[PDB]
Amino acid sequence: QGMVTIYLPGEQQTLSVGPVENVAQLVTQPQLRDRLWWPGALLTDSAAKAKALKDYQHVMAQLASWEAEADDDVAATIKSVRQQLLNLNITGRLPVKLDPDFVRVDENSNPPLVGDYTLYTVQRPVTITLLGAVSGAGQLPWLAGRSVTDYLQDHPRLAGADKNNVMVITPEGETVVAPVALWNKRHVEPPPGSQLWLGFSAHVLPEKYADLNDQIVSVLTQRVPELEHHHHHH
């Protein structure tokens, strides 16, 4: 059965839960259920971390190789994206839905827990994170009612940016496509703590790096930006 080490927000105190048989049992434990901000909670284990690290290093290596081969304007955009991604702390993340209030359909929607796990937690943020081929990347104040296109009014796009869409990645790791052109306009308001990823245009991406947007998104769905708490590294 599963043993879970829980890091409370700030990562300076832990709780221990287990043995637990499955996710539903974990999130309903009396010391957790009504205490944690579940959407931002991040469950992981050694295997998920190892895979995420491999995937991340692959993304960074592709970005470097492409940078060397690209036009100079595109290369400068790639360099910026690379720098935004350089200091991710890779934890991996299991794709389980933690919220106690979710309606679970199908037996497999309550995953068994076997072995050791780590649960990282955060409080609901008051910012969102903007990343990618966009100027002024970083944390932005979250504002009630503001759409993705509203946020982008103050963030010019960089050479080689996707002209059509932003990816919204919620704190749970779910992704929503957010149109940002006139022709495909669709109003989308990202919730507190989301990441907004603006990727590379299909036109600029060479075929050998075709999967690169999806690979980056997959990296981002496995991280919770606030966790980056570190003292002696960036």
# chains A, B, ... in the order shown; residues from 1 in each chain; ligands from 1

call {"tool": "closest_atom_pairs", "arguments": {"of": "range 52-157 of chain A", "to": "range 29-42 of chain A", "cutoff": "10 Å", "atoms": "only C-alpha atoms", "output": "JSON lines"}}
result
{"residue": "A:91", "atom": "CA", "partner": "A:42", "partner_atom": "CA", "distance": 8.8}
{"residue": "A:92", "atom": "CA", "partner": "A:42", "partner_atom": "CA", "distance": 8.8}
{"residue": "A:93", "atom": "CA", "partner": "A:42", "partner_atom": "CA", "distance": 6.3}
{"residue": "A:94", "atom": "CA", "partner": "A:42", "partner_atom": "CA", "distance": 7.8}
{"residue": "A:95", "atom": "CA", "partner": "A:42", "partner_atom": "CA", "distance": 9.3}
{"residue": "A:96", "atom": "CA", "partner": "A:42", "partner_atom": "CA", "distance": 9.1}
{"residue": "A:97", "atom": "CA", "partner": "A:39", "partner_atom": "CA", "distance": 8.3}
{"residue": "A:98", "atom": "CA", "partner": "A:38", "partner_atom": "CA", "distance": 6.0}
{"residue": "A:99", "atom": "CA", "partner": "A:38", "partner_atom": "CA", "distance": 5.4}
{"residue": "A:100", "atom": "CA", "partner": "A:33", "partner_atom": "CA", "distance": 7.1}
{"residue": "A:101", "atom": "CA", "partner": "A:38", "partner_atom": "CA", "distance": 9.8}
{"residue": "A:118", "atom": "CA", "partner": "A:42", "partner_atom": "CA", "distance": 8.0}
{"residue": "A:119", "atom": "CA", "partner": "A:42", "partner_atom": "CA", "distance": 5.4}
{"residue": "A:120", "atom": "CA", "partner": "A:42", "partner_atom": "CA", "distance": 5.1}
{"residue": "A:121", "atom": "CA", "partner": "A:41", "partner_atom": "CA", "distance": 4.5}
{"residue": "A:122", "atom": "CA", "partner": "A:40", "partner_atom": "CA", "distance": 5.9}
{"residue": "A:123", "atom": "CA", "partner": "A:37", "partner_atom": "CA", "distance": 5.8}
{"residue": "A:124", "atom": "CA", "partner": "A:37", "partner_atom": "CA", "distance": 6.4}
{"residue": "A:125", "atom": "CA", "partner": "A:40", "partner_atom": "CA", "distance": 9.1}

call {"tool": "write_last_selection", "arguments": {"atoms": "N, CA, C and O atoms", "output": "PDB file, in the first residue's frame"}}
result
ATOM      1  N   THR A  91       9.928  17.832 -10.537  1.00  0.00           N
ATOM      2  CA  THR A  91       9.433  16.911  -9.518  1.00  0.00           C
ATOM      3  C   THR A  91       8.729  15.728 -10.149  1.00  0.00           C
ATOM      4  O   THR A  91       8.570  14.711  -9.513  1.00  0.00           O
ATOM      5  N   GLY A  92       8.302  15.874 -11.402  1.00  0.00           N
ATOM      6  CA  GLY A  92       7.347  14.951 -11.984  1.00  0.00           C
ATOM      7  C   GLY A  92       5.996  15.177 -11.317  1.00  0.00           C
ATOM      8  O   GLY A  92       5.911  15.861 -10.296  1.00  0.00           O
ATOM      9  N   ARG A  93       4.952  14.582 -11.874  1.00  0.00           N
ATOM     10  CA  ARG A  93       3.619  14.688 -11.302  1.00  0.00           C
ATOM     11  C   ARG A  93       2.782  13.542 -11.820  1.00  0.00           C
ATOM     12  O   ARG A  93       2.793  13.264 -13.001  1.00  0.00           O
ATOM     13  N   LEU A  94       2.071  12.863 -10.931  1.00  0.00           N
ATOM     14  CA  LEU A  94       1.152  11.819 -11.353  1.00  0.00           C
ATOM     15  C   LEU A  94      -0.145  12.492 -11.819  1.00  0.00           C
ATOM     16  O   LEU A  94      -0.560  13.498 -11.262  1.00  0.00           O
ATOM     17  N   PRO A  95      -0.782  11.936 -12.850  1.00  0.00           N
ATOM     18  CA  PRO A  95      -1.945  12.589 -13.452  1.00  0.00           C
ATOM     19  C   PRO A  95      -3.252  12.444 -12.640  1.00  0.00           C
ATOM     20  O   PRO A  95      -4.331  12.657 -13.191  1.00  0.00           O
ATOM     21  N   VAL A  96      -3.163  12.112 -11.358  1.00  0.00           N
ATOM     22  CA  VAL A  96      -4.368  11.877 -10.557  1.00  0.00           C
ATOM     23  C   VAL A  96      -5.078  13.190 -10.227  1.00  0.00           C
ATOM     24  O   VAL A  96      -4.439  14.218 -10.031  1.00  0.00           O
ATOM     25  N   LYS A  97      -6.405  13.144 -10.158  1.00  0.00           N
ATOM     26  CA  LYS A  97      -7.197  14.290  -9.742  1.00  0.00           C
ATOM     27  C   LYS A  97      -7.420  14.200  -8.235  1.00  0.00           C
ATOM     28  O   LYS A  97      -7.980  13.223  -7.728  1.00  0.00           O
ATOM     29  N   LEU A  98      -6.977  15.207  -7.498  1.00  0.00           N
ATOM     30  CA  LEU A  98      -6.984  15.091  -6.034  1.00  0.00           C
ATOM     31  C   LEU A  98      -8.261  15.633  -5.352  1.00  0.00           C
ATOM     32  O   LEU A  98      -8.597  15.226  -4.247  1.00  0.00           O
ATOM     33  N   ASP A  99      -8.973  16.531  -6.013  1.00  0.00           N
ATOM     34  CA  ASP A  99     -10.089  17.228  -5.368  1.00  0.00           C
ATOM     35  C   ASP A  99     -11.109  16.262  -4.745  1.00  0.00           C
ATOM     36  O   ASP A  99     -11.626  15.395  -5.430  1.00  0.00           O
ATOM     37  N   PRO A 100     -11.412  16.422  -3.444  1.00  0.00           N
ATOM     38  CA  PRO A 100     -12.430  15.562  -2.810  1.00  0.00           C
ATOM     39  C   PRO A 100     -13.844  15.733  -3.381  1.00  0.00           C
ATOM     40  O   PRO A 100     -14.690  14.881  -3.146  1.00  0.00           O
ATOM     41  N   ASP A 101     -14.099  16.828  -4.091  1.00  0.00           N
ATOM     42  CA  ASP A 101     -15.440  17.149  -4.569  1.00  0.00           C
ATOM     43  C   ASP A 101     -15.694  16.722  -6.018  1.00  0.00           C
ATOM     44  O   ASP A 101     -16.755  16.991  -6.562  1.00  0.00           O
ATOM     45  N   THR A 118       5.342  11.513  -2.659  1.00  0.00           N
ATOM     46  CA  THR A 118       5.491  12.804  -2.037  1.00  0.00           C
ATOM     47  C   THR A 118       4.350  13.696  -2.503  1.00  0.00           C
ATOM     48  O   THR A 118       4.015  13.711  -3.695  1.00  0.00           O
ATOM     49  N   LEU A 119       3.740  14.409  -1.562  1.00  0.00           N
ATOM     50  CA  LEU A 119       2.724  15.400  -1.885  1.00  0.00           C
ATOM     51  C   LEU A 119       3.236  16.789  -1.514  1.00  0.00           C
ATOM     52  O   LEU A 119       3.450  17.072  -0.343  1.00  0.00           O
ATOM     53  N   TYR A 120       3.424  17.645  -2.513  1.00  0.00           N
ATOM     54  CA  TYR A 120       3.731  19.058  -2.288  1.00  0.00           C
ATOM     55  C   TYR A 120       2.450  19.869  -2.350  1.00  0.00           C
ATOM     56  O   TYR A 120       1.567  19.556  -3.140  1.00  0.00           O
ATOM     57  N   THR A 121       2.359  20.920  -1.540  1.00  0.00           N
ATOM     58  CA  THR A 121       1.150  21.721  -1.485  1.00  0.00           C
ATOM     59  C   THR A 121       1.477  23.213  -1.506  1.00  0.00           C
ATOM     60  O   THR A 121       2.558  23.638  -1.096  1.00  0.00           O
ATOM     61  N   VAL A 122       0.534  24.002  -2.003  1.00  0.00           N
ATOM     62  CA  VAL A 122       0.650  25.452  -1.991  1.00  0.00           C
ATOM     63  C   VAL A 122      -0.704  26.045  -1.594  1.00  0.00           C
ATOM     64  O   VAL A 122      -1.720  25.368  -1.663  1.00  0.00           O
ATOM     65  N   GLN A 123      -0.715  27.302  -1.172  1.00  0.00           N
ATOM     66  CA  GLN A 123      -1.969  28.013  -0.984  1.00  0.00           C
ATOM     67  C   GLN A 123      -2.370  28.635  -2.324  1.00  0.00           C
ATOM     68  O   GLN A 123      -1.521  28.868  -3.168  1.00  0.00           O
ATOM     69  N   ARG A 124      -3.658  28.897  -2.524  1.00  0.00           N
ATOM     70  CA  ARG A 124      -4.128  29.474  -3.786  1.00  0.00           C
ATOM     71  C   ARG A 124      -3.439  30.819  -4.041  1.00  0.00           C
ATOM     72  O   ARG A 124      -3.489  31.708  -3.193  1.00  0.00           O
ATOM     73  N   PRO A 125      -2.784  30.972  -5.204  1.00  0.00           N
ATOM     74  CA  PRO A 125      -1.985  32.175  -5.485  1.00  0.00           C
ATOM     75  C   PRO A 125      -2.830  33.382  -5.843  1.00  0.00           C
ATOM     76  O   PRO A 125      -4.043  33.248  -5.956  1.00  0.00           O
TER      77      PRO A 125
END

call {"tool": "select_by_dssp", "arguments": {"residues": "range 115-223 of chain A", "states": "alpha helix (DSSP H)", "output": "compact mmCIF listing (two decimals) with C-alpha atoms, in the first residue's frame"}}
result
# COMPACT_ATOMS: atom_id res chain seq x y z
CA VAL A 148 -6.11 35.75 -21.75
CA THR A 149 -6.23 38.39 -24.49
CA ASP A 150 -6.60 41.09 -21.79
CA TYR A 151 -3.42 39.91 -20.09
CA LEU A 152 -1.55 39.82 -23.40
CA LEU A 212 8.47 20.65 -29.18
CA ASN A 213 5.44 22.73 -28.18
CA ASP A 214 3.66 19.65 -26.87
CA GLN A 215 6.81 18.48 -25.08
CA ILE A 216 7.14 21.82 -23.31
CA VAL A 217 3.46 21.81 -22.32
CA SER A 218 3.87 18.31 -20.91
CA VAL A 219 6.79 19.61 -18.80
CA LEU A 220 4.72 22.55 -17.53
CA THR A 221 1.64 20.45 -16.62

call {"tool": "closest_residue", "arguments": {"among": "A:65, A:127, A:12, A:25", "to": "residue 206 in chain A", "atoms": "only C-alpha atoms"}}
result
A:65

call {"tool": "select_by_dssp", "arguments": {"residues": "range 124-172 of chain A", "states": "strand (DSSP E)", "output": "MDAnalysis selection string"}}
result
chainID A and resid 127:132 138:141 165:169

call {"tool": "residues_around", "arguments": {"residues": "residue 45 in chain A", "least_positions_apart": "3", "cutoff": "7 Å", "atoms": "only C-alpha atoms", "output": "MDAnalysis selection string"}}
result
chainID A and resid 48:49 116:118

call {"tool": "closest_residue", "arguments": {"among": "A:55, A:153, A:1, A:66", "to": "residue 20 in chain A", "atoms": "only C-alpha atoms"}}
result
A:1

call {"tool": "residues_around", "arguments": {"residues": "residue 200 in chain A", "least_positions_apart": "5", "cutoff": "6 Å", "atoms": "only C-alpha atoms", "output": "ChimeraX atom specification"}}
result
/A:160-162

call {"tool": "write_last_selection", "arguments": {"atoms": "N, CA, C and O atoms", "output": "CSV table (one decimal), in the first residue's frame"}}
result
chain,number,residue,atom,x,y,z
A,160,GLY,N,8.7,34.5,-34.1
A,160,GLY,CA,8.4,33.1,-34.2
A,160,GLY,C,7.3,32.6,-33.3
A,160,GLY,O,7.1,31.4,-33.2
A,161,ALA,N,6.6,33.5,-32.6
A,161,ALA,CA,5.5,33.1,-31.7
A,161,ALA,C,4.3,32.5,-32.5
A,161,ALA,O,4.0,33.0,-33.6
A,162,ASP,N,3.7,31.5,-31.9
A,162,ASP,CA,2.4,31.0,-32.4
A,162,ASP,C,1.5,32.3,-32.5
A,162,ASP,O,1.4,33.1,-31.6

call {"tool": "atom_distance", "arguments": {"atom1": "CA of residue 44 in chain A", "atom2": "CA of residue 191 in chain A"}}
result
23.0 Å

call {"tool": "residues_around", "arguments": {"residues": "residue 56 in chain A", "least_positions_apart": "3", "cutoff": "9 Å", "atoms": "only C-alpha atoms", "output": "compact mmCIF listing (two decimals) with C-alpha atoms, in the first residue's frame"}}
result
# COMPACT_ATOMS: atom_id res chain seq x y z
CA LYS A 51 10.59 10.30 -16.40
CA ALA A 52 9.90 14.03 -16.07
CA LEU A 53 13.62 14.77 -15.72
CA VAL A 59 13.27 19.65 -24.28
CA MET A 60 16.27 21.72 -23.20
CA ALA A 61 18.58 19.86 -25.59
CA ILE A 90 11.60 18.98 -11.86
CA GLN A 215 6.81 18.48 -25.08
CA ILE A 216 7.14 21.82 -23.31
CA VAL A 219 6.79 19.61 -18.80

call {"tool": "closest_residue", "arguments": {"among": "A:208, A:13, A:22, A:144", "to": "residue 114 in chain A", "atoms": "only C-alpha atoms"}}
result
A:22

call {"tool": "residues_around", "arguments": {"residues": "residue 192 in chain A", "least_positions_apart": "2", "cutoff": "9 Å", "atoms": "only C-alpha atoms", "output": "tab-separated table (two decimals) with N, CA and C atoms, in the first residue's frame"}}
result
chain	number	residue	atom	x	y	z
A	124	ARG	N	-3.66	28.90	-2.52
A	124	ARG	CA	-4.13	29.47	-3.79
A	124	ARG	C	-3.44	30.82	-4.04
A	125	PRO	N	-2.78	30.97	-5.20
A	125	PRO	CA	-1.99	32.18	-5.49
A	125	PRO	C	-2.83	33.38	-5.84
A	126	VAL	N	-2.20	34.54	-6.00
A	126	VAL	CA	-2.89	35.75	-6.43
A	126	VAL	C	-2.25	36.25	-7.74
A	127	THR	N	-1.54	35.35	-8.39
A	127	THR	CA	-0.85	35.68	-9.63
A	127	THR	C	-1.08	34.57	-10.65
A	128	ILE	N	-0.71	34.84	-11.90
A	128	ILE	CA	-0.56	33.80	-12.89
A	128	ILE	C	0.87	33.90	-13.43
A	142	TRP	N	-3.07	38.39	-10.81
A	142	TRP	CA	-4.33	37.88	-11.29
A	142	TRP	C	-5.43	38.90	-11.04
A	143	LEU	N	-6.29	39.13	-12.03
A	143	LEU	CA	-7.38	40.11	-11.90
A	143	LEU	C	-8.73	39.50	-12.28
A	170	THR	N	-3.89	24.96	-16.00
A	170	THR	CA	-4.40	25.25	-14.66
A	170	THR	C	-3.47	24.68	-13.57
A	171	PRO	N	-3.67	25.10	-12.31
A	171	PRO	CA	-2.85	24.54	-11.24
A	171	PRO	C	-2.90	23.00	-11.15
A	190	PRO	N	-8.34	32.78	-17.23
A	190	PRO	CA	-7.52	31.79	-16.52
A	190	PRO	C	-7.64	31.93	-15.01
A	194	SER	N	-2.64	29.72	-12.70
A	194	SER	CA	-2.45	29.12	-14.02
A	194	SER	C	-1.12	29.58	-14.62

call {"tool": "closest_residue", "arguments": {"among": "A:4, A:178, A:70, A:130", "to": "residue 193 in chain A", "atoms": "only C-alpha atoms"}}
result
A:130

call {"tool": "closest_residue", "arguments": {"among": "A:111, A:227, A:181, A:233", "to": "residue 8 in chain A", "atoms": "only C-alpha atoms"}}
result
A:227
